[PDB]
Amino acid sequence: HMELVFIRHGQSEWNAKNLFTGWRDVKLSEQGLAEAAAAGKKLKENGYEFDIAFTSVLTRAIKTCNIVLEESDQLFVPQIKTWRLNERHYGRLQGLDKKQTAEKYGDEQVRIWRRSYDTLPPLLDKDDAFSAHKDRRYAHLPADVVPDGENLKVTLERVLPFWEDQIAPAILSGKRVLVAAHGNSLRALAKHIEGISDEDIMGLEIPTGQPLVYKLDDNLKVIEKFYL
């Protein structure tokens, strides 16, 4: 039996401003930084040691990862950063005020974009100044894996290969894994690991700043799930 630990990053500066973020590379707020430190201290007090840490390539998640590791006396743990763990891309909604958006397109269309499993947002123009295609951190990837907008379903389709190639093999080799990522990428992993239906997954809550522990059997089936 192996334990697998997830941590979702806390508040960003754009959450505080009520802005859609997606793949925009925004900084944690002071509150979000404290949440990361509190989470690392909790893992330390319960004696959680890690052999490898997986994160996204977005600064708010990487910094959360580093804070959690440092506050639990294991900043030496190897770290792999991957676009496959990025937040869901929000298309042309990125950078927009959620209130101003609901007032422009209506409360109902906004609810769809945020709460529908397989409804894509309005897509971002491929050569927009704030398109991910212009971001150097994706330069080594074929351009067509850089999305112009995602929902949770498409987010899952690109998270899952990283579970299959890196996370699950690490667990099966005996490694104690930390995953430090985002609301929707962690929600995608949880849907797969726990076998949650399409109908139920959009309602699954993953709190920010609270370590989530899975206990898995030799076939990676969930035996225990609890928040630290």
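Start at 1 and count along the sequence shown; that's the residue number.
Averaged over C-alpha atoms, is the B-factor higher for 142 to 150 or for 122 to 130 in this PDB entry? Looking at the record's C-alpha B-factors, the answer is 122 to 130.
Higher-B stretch (mean Cα B-factor, as the entry records it), 205 to 213 or 21 to 29: Looking at the record's C-alpha B-factors, the answer is 205 to 213.
Highest Cα B-factor in the deposition, which of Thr64, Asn46, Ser185, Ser173? Answer, based on the entry's C-alpha B-factors: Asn46.
Could you check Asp165, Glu35, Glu70, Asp51 and tell me which one carries the biggest Cα B-factor in the deposited entry? That would be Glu35.
Pull the Cα B-factor of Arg137 out of the PDB entry and bin it into the chain's lowest, middle or highest third. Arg137: CA B-factor falls in the middle third of its chain.
Position of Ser116 among the chain's modelled residues by C-alpha B-factor, lowest, middle or highest third: Tercile = highest for this residue's CA B-factor.
Which third, lowest, middle or highest, does the CA B-factor of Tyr105 fall in along this chain? Within its chain, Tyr105 is a highest-third residue by C-alpha B-factor, going by the deposited values.
Among the chain's modelled residues, which third holds the C-alpha B-factor of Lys81? Bottom third by C-alpha B-factor.
Ranked by Cα temperature factor within the chain, is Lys98 in the lowest third, the middle third or the highest third? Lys98: CA B-factor falls in the highest third of its chain.
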